[PDB]
Amino acid sequence: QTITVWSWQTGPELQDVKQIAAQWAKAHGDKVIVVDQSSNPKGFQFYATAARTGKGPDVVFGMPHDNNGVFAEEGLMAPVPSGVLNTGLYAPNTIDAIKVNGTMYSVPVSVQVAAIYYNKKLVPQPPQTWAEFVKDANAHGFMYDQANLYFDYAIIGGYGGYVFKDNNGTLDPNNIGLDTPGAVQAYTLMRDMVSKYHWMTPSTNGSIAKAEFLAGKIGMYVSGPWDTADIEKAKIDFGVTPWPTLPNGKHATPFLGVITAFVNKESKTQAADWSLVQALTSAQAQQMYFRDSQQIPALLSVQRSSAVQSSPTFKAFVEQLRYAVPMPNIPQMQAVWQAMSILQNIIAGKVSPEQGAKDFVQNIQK
Ligand SMILES: OC[C@H]1O[C@H](O[C@H]2[C@H](O)[C@@H](O)[C@@H](O[C@H]3[C@H](O)[C@@H](O)[C@@H](O)O[C@@H]3CO)O[C@@H]2CO)[C@H](O)[C@@H](O)[C@@H]1O
């Protein structure tokens, strides 16, 4: 009959997913419907919302790995069949990212590490140290999704903060590091980018920063390959560079995100589903996704290809990978995303960095 795929990746990559799915259907006979969920107001967790009522898709494509802890815990994901995944074809952290309680629940398709996207017309040579960064930010502007933990964690970790303690590949949900002296130092710098450097105002966010960058108004912003298409469409002669070292001289620690594909536990055609997932996540598929958006392949063999090794996106990626922190995928991580709004209060000056940190962790525990 028909197999439904929900994709949280849009633009050129979605076009490729549709092309691959159509080629798959040509051989298998099953009609494949690909739905774009990238703009769904319910976000990534909409999968759980839908699956909980038995209205989910057969296959999910383009889901950031942190979300799967919830889905797996609630029994909404079919475990990856034996053999489908060869752990040796990926970096260690990539496979750990798709395991929940030791079980592999999804297939890695891409790896992501946020970086600074800059306009070469304004910033010919990218900054690498905080001092150089200040000079370029002052001269041509800097903005980003400042109150979004996904991005500002780069500063938190750079100062020694952390979400959940990672000891022996196992995260400890009870050991939170978002209220430590280091984390407070980071929150203070976040506030300072508004109150001291004046690069942003309390209202500045990701949407505004992207719009400003596409208009050629700011020389730098923090983003990822999901913006490649729009940046090129805006005809910006862009470059990609790692986060600069911070005021403490340490490297920023952006999160490592693994984009995944998986199968609904309730799907009636799971064998066919996994075959489709394999087609959507093959070396060739990843080559296509990279070609059209610069999304870094999860497969090491594709990363080692000439097109990838020579790209600016990959260069920034390999220069930050050792400092990147895999996002926690346990269910409790959603409570963290849900409480990060307090970062906005700190950045606005409504609450001190010290008090805000305390409230952040308390709101997370809740
Ligand atoms: O902000 C909370 C949010 O953080 C993490 O999400 C990030 C994604 O992991 C990352 O890929 C990127 O999301 C982009 C989608 O991949 C892309 O297809 C398209 O939809 O645009 C998105 C950005 O607008 O950035 C987000 C952070 O904004 C984490 O994985 C989420 O579960 C969490 O809710």
# chains A, B, ... in the order shown; residues from 1 in each chain; ligands from 1
>>> residues_near_ligand(ligand="ligand 1", cutoff="7 Å", atoms="only C-alpha atoms and all ligand atoms", output="list in words")
residues 8, 9, 10, 38, 39, 43, 44, 62, 64, 65, 66, 67, 112, 148, 149, 150, 226, 257, 259 and 337 of chain A
>>> write_last_selection(atoms="N, CA and C atoms", output="PDB file, in the first residue's frame")
ATOM      1  N   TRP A   8      12.272  15.743   9.274  1.00  0.00           N
ATOM      2  CA  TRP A   8      12.454  17.008   9.962  1.00  0.00           C
ATOM      3  C   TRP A   8      13.549  17.807   9.261  1.00  0.00           C
ATOM      4  N   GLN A   9      14.020  17.279   8.136  1.00  0.00           N
ATOM      5  CA  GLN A   9      15.010  17.976   7.328  1.00  0.00           C
ATOM      6  C   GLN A   9      14.212  18.486   6.133  1.00  0.00           C
ATOM      7  N   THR A  10      14.475  19.718   5.722  1.00  0.00           N
ATOM      8  CA  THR A  10      13.743  20.310   4.612  1.00  0.00           C
ATOM      9  C   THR A  10      14.684  20.784   3.511  1.00  0.00           C
ATOM     10  N   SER A  38       9.504  19.783   9.399  1.00  0.00           N
ATOM     11  CA  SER A  38      10.479  20.763   9.877  1.00  0.00           C
ATOM     12  C   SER A  38       9.886  22.038  10.472  1.00  0.00           C
ATOM     13  N   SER A  39       8.685  22.408  10.041  1.00  0.00           N
ATOM     14  CA  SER A  39       8.044  23.621  10.539  1.00  0.00           C
ATOM     15  C   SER A  39       6.900  23.366  11.511  1.00  0.00           C
ATOM     16  N   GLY A  43       7.366  20.899  17.270  1.00  0.00           N
ATOM     17  CA  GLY A  43       8.779  20.556  17.273  1.00  0.00           C
ATOM     18  C   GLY A  43       9.132  19.098  17.030  1.00  0.00           C
ATOM     19  N   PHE A  44      10.363  18.739  17.381  1.00  0.00           N
ATOM     20  CA  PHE A  44      10.845  17.374  17.204  1.00  0.00           C
ATOM     21  C   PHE A  44      10.037  16.368  18.014  1.00  0.00           C
ATOM     22  N   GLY A  62      15.708  12.385   9.769  1.00  0.00           N
ATOM     23  CA  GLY A  62      16.213  13.691  10.159  1.00  0.00           C
ATOM     24  C   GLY A  62      15.955  14.146  11.581  1.00  0.00           C
ATOM     25  N   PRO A  64      17.114  14.785  15.386  1.00  0.00           N
ATOM     26  CA  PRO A  64      18.325  14.948  16.210  1.00  0.00           C
ATOM     27  C   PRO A  64      18.260  13.896  17.318  1.00  0.00           C
ATOM     28  N   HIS A  65      19.390  13.242  17.574  1.00  0.00           N
ATOM     29  CA  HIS A  65      19.467  12.130  18.515  1.00  0.00           C
ATOM     30  C   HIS A  65      19.021  12.314  19.956  1.00  0.00           C
ATOM     31  N   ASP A  66      19.104  13.532  20.471  1.00  0.00           N
ATOM     32  CA  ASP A  66      18.713  13.751  21.858  1.00  0.00           C
ATOM     33  C   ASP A  66      17.257  13.388  22.100  1.00  0.00           C
ATOM     34  N   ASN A  67      16.422  13.591  21.088  1.00  0.00           N
ATOM     35  CA  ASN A  67      14.992  13.320  21.194  1.00  0.00           C
ATOM     36  C   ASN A  67      14.599  11.864  21.354  1.00  0.00           C
ATOM     37  N   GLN A 112      26.611  16.824  13.285  1.00  0.00           N
ATOM     38  CA  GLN A 112      26.578  18.281  13.281  1.00  0.00           C
ATOM     39  C   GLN A 112      27.241  18.938  14.479  1.00  0.00           C
ATOM     40  N   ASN A 148      19.258  30.157  23.495  1.00  0.00           N
ATOM     41  CA  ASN A 148      18.994  28.760  23.151  1.00  0.00           C
ATOM     42  C   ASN A 148      20.188  27.944  23.638  1.00  0.00           C
ATOM     43  N   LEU A 149      19.959  27.108  24.649  1.00  0.00           N
ATOM     44  CA  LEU A 149      21.012  26.284  25.225  1.00  0.00           C
ATOM     45  C   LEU A 149      21.766  25.482  24.172  1.00  0.00           C
ATOM     46  N   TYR A 150      21.074  25.035  23.130  1.00  0.00           N
ATOM     47  CA  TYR A 150      21.762  24.260  22.103  1.00  0.00           C
ATOM     48  C   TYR A 150      22.993  24.991  21.580  1.00  0.00           C
ATOM     49  N   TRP A 226      21.991  23.419   8.101  1.00  0.00           N
ATOM     50  CA  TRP A 226      20.566  23.583   7.831  1.00  0.00           C
ATOM     51  C   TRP A 226      20.292  24.952   7.199  1.00  0.00           C
ATOM     52  N   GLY A 257      25.749  16.880  17.474  1.00  0.00           N
ATOM     53  CA  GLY A 257      24.414  16.375  17.245  1.00  0.00           C
ATOM     54  C   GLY A 257      24.474  15.321  16.157  1.00  0.00           C
ATOM     55  N   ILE A 259      22.122  13.388  13.479  1.00  0.00           N
ATOM     56  CA  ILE A 259      20.813  13.359  12.844  1.00  0.00           C
ATOM     57  C   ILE A 259      20.565  11.887  12.562  1.00  0.00           C
ATOM     58  N   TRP A 337      15.740  21.439  27.944  1.00  0.00           N
ATOM     59  CA  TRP A 337      15.365  22.326  26.848  1.00  0.00           C
ATOM     60  C   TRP A 337      14.148  23.141  27.285  1.00  0.00           C
TER      61      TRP A 337
END
>>> residues_around(residues="residue 255 of chain A", least_positions_apart="2", cutoff="9 Å", atoms="only C-alpha atoms", output="mmCIF file with N, CA and C atoms, in the first residue's frame")
data_model
loop_
_atom_site.group_PDB
_atom_site.id
_atom_site.type_symbol
_atom_site.label_atom_id
_atom_site.label_comp_id
_atom_site.auth_asym_id
_atom_site.auth_seq_id
_atom_site.Cartn_x
_atom_site.Cartn_y
_atom_site.Cartn_z
ATOM 1 N N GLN A 112 26.611 16.824 13.285
ATOM 2 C CA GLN A 112 26.578 18.281 13.281
ATOM 3 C C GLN A 112 27.241 18.938 14.479
ATOM 4 N N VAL A 113 27.981 20.011 14.215
ATOM 5 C CA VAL A 113 28.614 20.811 15.267
ATOM 6 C C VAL A 113 28.436 22.271 14.838
ATOM 7 N N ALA A 114 27.700 23.047 15.635
ATOM 8 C CA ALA A 114 27.469 24.456 15.316
ATOM 9 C C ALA A 114 28.789 25.204 15.153
ATOM 10 N N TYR A 150 21.074 25.035 23.130
ATOM 11 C CA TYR A 150 21.762 24.260 22.103
ATOM 12 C C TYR A 150 22.993 24.991 21.580
ATOM 13 N N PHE A 151 22.875 26.304 21.414
ATOM 14 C CA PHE A 151 23.982 27.095 20.914
ATOM 15 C C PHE A 151 24.861 27.697 21.995
ATOM 16 N N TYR A 153 25.534 26.671 24.868
ATOM 17 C CA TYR A 153 26.225 25.687 25.692
ATOM 18 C C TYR A 153 27.710 25.734 25.323
ATOM 19 N N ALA A 154 28.018 26.187 24.108
ATOM 20 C CA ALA A 154 29.414 26.279 23.684
ATOM 21 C C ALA A 154 30.208 27.099 24.700
ATOM 22 N N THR A 253 32.818 24.761 23.567
ATOM 23 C CA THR A 253 32.429 23.365 23.437
ATOM 24 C C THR A 253 31.037 23.156 22.865
ATOM 25 N N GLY A 257 25.749 16.880 17.474
ATOM 26 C CA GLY A 257 24.414 16.375 17.245
ATOM 27 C C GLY A 257 24.474 15.321 16.157
ATOM 28 N N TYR A 323 36.384 18.959 20.892
ATOM 29 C CA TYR A 323 35.830 19.769 21.974
ATOM 30 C C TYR A 323 34.319 19.656 22.065
ATOM 31 N N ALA A 324 33.711 19.050 21.052
ATOM 32 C CA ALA A 324 32.266 18.909 21.026
ATOM 33 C C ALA A 324 31.791 17.914 22.068
ATOM 34 N N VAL A 325 30.620 18.190 22.626
ATOM 35 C CA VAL A 325 30.021 17.337 23.635
ATOM 36 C C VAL A 325 28.751 16.730 23.048
ATOM 37 N N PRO A 326 28.664 15.393 22.997
ATOM 38 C CA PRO A 326 27.455 14.778 22.446
ATOM 39 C C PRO A 326 26.261 15.181 23.303
ATOM 40 N N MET A 327 25.170 15.582 22.675
ATOM 41 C CA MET A 327 24.022 15.949 23.467
ATOM 42 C C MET A 327 23.465 14.771 24.223
#
>>> closest_residue(among="A:99, A:251, A:268, A:140", to="residue 155 of chain A", atoms="only C-alpha atoms")
A:251
>>> closest_residue(among="A:178, A:183, A:261, A:218", to="residue 136 of chain A", atoms="only C-alpha atoms")
A:218
>>> select_by_dssp(residues="segment 183-346 of chain A", states="helix (DSSP H, G or I)", output="PyMOL selection string")
chain A and resi 183-195+206-214+225-233+270-280+283-293+300-303+306-309+312-323+332-339+342-346
>>> residues_around(residues="residue 290 of chain A", least_positions_apart="5", cutoff="10 Å", atoms="only C-alpha atoms", output="list in words")
residues 13, 110, 225, 284, 285, 295, 296, 297, 302, 303, 307, 308, 311 and 313 of chain A
>>> write_last_selection(atoms="C-alpha atoms", output="mmCIF file, in the first residue's frame")
data_model
loop_
_atom_site.group_PDB
_atom_site.id
_atom_site.type_symbol
_atom_site.label_atom_id
_atom_site.label_comp_id
_atom_site.auth_asym_id
_atom_site.auth_seq_id
_atom_site.Cartn_x
_atom_site.Cartn_y
_atom_site.Cartn_z
ATOM 1 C CA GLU A 13 17.972 17.468 1.524
ATOM 2 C CA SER A 110 24.650 13.091 9.626
ATOM 3 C CA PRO A 225 24.349 23.177 7.510
ATOM 4 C CA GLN A 284 25.368 7.418 -1.577
ATOM 5 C CA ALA A 285 22.507 9.153 0.219
ATOM 6 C CA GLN A 295 25.646 18.235 5.930
ATOM 7 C CA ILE A 296 28.576 16.198 7.250
ATOM 8 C CA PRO A 297 28.108 12.439 6.654
ATOM 9 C CA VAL A 302 32.090 9.348 3.144
ATOM 10 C CA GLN A 303 33.845 11.838 5.429
ATOM 11 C CA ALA A 307 34.472 16.546 -1.743
ATOM 12 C CA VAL A 308 34.041 16.373 2.019
ATOM 13 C CA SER A 311 34.945 21.647 2.235
ATOM 14 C CA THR A 313 32.177 23.064 6.629
#
>>> atom_distance(atom1="atom CA of residue 348 of chain A", atom2="atom CA of residue 191 of chain A")
7.0 Å
